[PDB]
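S.K.: The following block contains the structure, expressed as C-alpha cells.
What follows draws every value from the coordinates through simple rules; no lab data is involved. Neighbour counts run over all protein chains shown; Cβ positions are idealised from the backbone, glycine included.
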Amino acid sequence: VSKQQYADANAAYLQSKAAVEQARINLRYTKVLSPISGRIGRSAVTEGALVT
Amino acid sequence: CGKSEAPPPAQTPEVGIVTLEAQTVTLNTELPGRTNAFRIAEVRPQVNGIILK
C-alpha cells in the first residue's frame with residue numbers, strides 16, 4: 001500500500017482516538033469529582049433532582 | 001433619781017446559713033429550627049411538548 005494511504009489511515013485513527021477521548025471527558029463529568037480538597041458542606045439538591 | 005437602763009451591748013446577732021456542696025449539673029440549650037424532607041424531587045421535564053395526560 002502507498003505511504004499516502006497509511007498517512008490517511010493513521011490520521012483517521014488519531015481523529016477517532018480524539019473523539020473517544022472527548023467521550024471519556026463527558027463520562028468523567030457525570031461523576032462529579034471534587035475540584036479541591038477541603039470540608040464539604042451540605043447538599044443543596046438531593047437524589048431525584050434535575051441539573052443542567 | 002435613776003432611770004438609766006443600759007441594754008446589753010454585746011449581741012453577736014444571728015444570720016441564716018446554708019451549706020453548699022458539690023453537685024453535678026447538665027448544661028443543655030434549646031435552639032429554633034425548621035424541618036426539611038429527606039429527598040425532594042422537583043419533577044421538571046426533559047423534552048418539549050403539550051401535556052396530553
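S.K.: Considering only the range B:28-46, state which residues are among the β-branched types (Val, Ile, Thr), over 20 Å from the mean Cα position of the chain (by Cα) and more than 12 Å from every other protein chain (Cβ to nearest Cβ).
M.R.: B:35
S.K.: Follow-up question, since we're still on this one. Which numbered condition trips up residue A:46, out of (1) within 22 Å of the chain's Cα centre (by Cα); (2) closer than 24 Å to residue B:47 by Cα?
M.R.: (1)
S.K.: Go through chain A residue by residue and tally those that are of a type in the set (A, V, I, L, M), within 14 Å of another protein chain (Cβ to nearest Cβ) and surrounded by fewer than 10 Cβ atoms within 10 Å (Cβ to Cβ).
M.R.: 2
S.K.: Quick check on the range B:12-21. Is at least one of its residues among the hydroxyl-bearing types (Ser, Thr, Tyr), on the phi < 0 side of the Ramachandran plot and away from chain A (no Cβ under 14 Å)?
M.R.: Within the range B:12-21 (the criterion being among the hydroxyl-bearing types (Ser, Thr, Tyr), on the phi < 0 side of the Ramachandran plot and away from chain A (no Cβ under 14 Å)), the answer is yes, since at least one residue qualifies.
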